[PDB]
Structure formats: C-alpha cells, structure tokens
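> There's a structure below that I have some questions on.
Protein chains: 2
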Amino acid sequence: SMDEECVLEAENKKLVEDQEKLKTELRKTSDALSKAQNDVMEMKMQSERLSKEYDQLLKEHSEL
Amino acid sequence: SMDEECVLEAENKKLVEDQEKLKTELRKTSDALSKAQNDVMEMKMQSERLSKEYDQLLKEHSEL
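Protein sequences, first through last, are from chains A and B. Quick note: the first sequence, position 35, residue 200 per the deposited numbering, numbers continuous. Quick note: the second sequence, position 6, residue 171 per the deposited numbering, numbers continuous.
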C-alpha cells in the first residue's frame, strides 16, 4: 500500500544517512591505521640506519 | 506500486545487512589501529633511546 511504501522510503533515507556516517568513520579509522603502519615502518628503517652509523662510529674509534 | 514496494523492501534488506558489515569492519579496523598505535609508542621509545646514545657518543668525541 501507499503507506507501507512511504514508511519503507523513510527508513531507507535514514539507513543511507547512517551508511554515509559509517563509511566516513571507517575511512578515517582506516587512514589512521595506514599512517600508523607507515610510521612504524619508517621508524624501523630509520632506526636500523642509525644503528649502522652507531657501530661504524665505534669502529672509527676502535681502529684509530 | 507493488513493484516499487518490492524494490524498496529489497533495498532495505541490503542496507541493513551492509550496515552490519560496516559496523564489524569498523570495529576490527579500530582494534587494529589500537594495536598499531601501541606499536608506534614502542617503536618511538626504542628509536629515541637509540638516538640519544648516538648523540651522546658523538658529543664525547667532539672538540677540536
């Protein structure tokens, strides 16, 4: 009936609105996860580089 | 019409099901982010600690 349809329509508008909010939130959370995963990666290869230069410093002083 | 009603109904079902997919997906991502944020703090304190003894090691050798 026309009334049932108008209820379904109203419900569908609300669900689409909620889906937009949910997608937005998923998108932010997901970006944040990505950035954090890069930061952990960038700090590791940074840290490795640093340790190599550390050991090298020790050597510069162990071999004169 | 009854055709329209049946389409709206099908769409309503799909939207409710997708809403659950999105909620779970969000909950998982949020948990993963939580873990990665902890790893960032871990990574940080390691890298900074390393960097500090490196700067100290450099300072000890520097005066001309």
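C-beta: ideal position from N, C-alpha, C; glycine also.
Under 8 Å between C-beta atoms, does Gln-202(A) make it to chain B?
Taking Cβ atoms only, chain B reaches closer than 8 Å to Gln-202(A), which makes this a yes.
> Can the beta-carbon of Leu-223(B) be found less than 8 Å from the beta-carbon of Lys-188(A)?
No. Outside cutoff.
> Would you identify the three-state DSSP class for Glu-228(A), choosing helix, strand or coil?
If DSSP states are grouped into helix, strand and coil, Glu-228(A) belongs with coil.
> Mind checking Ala-201(A): buried by the 16 CB within 10 Å criterion, or exposed?
With 16 or more other Cβ atoms within 10 Å, it is buried.
> Are the C-beta of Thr-189(A) and some C-beta of chain B separated by less than 8 Å?
Output row for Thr-189(A): interface = no.
> Looking at the structure shown, is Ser-166(B) part of a helix, part of a strand, or coil, going by DSSP?
Correct three-state label for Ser-166(B): coil.
> Spell out whether any CB of chain A is found under 8 Å from the CB atom of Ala-175(B).
Cβ-Cβ to chain A under 8 Å: no for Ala-175(B).
> Do you know how far the Cα of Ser-195(B) is from the Cα of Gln-211(B)?
In a straight line, the C-alpha of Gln-211(B) is about 25 Å away from that of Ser-195(B).
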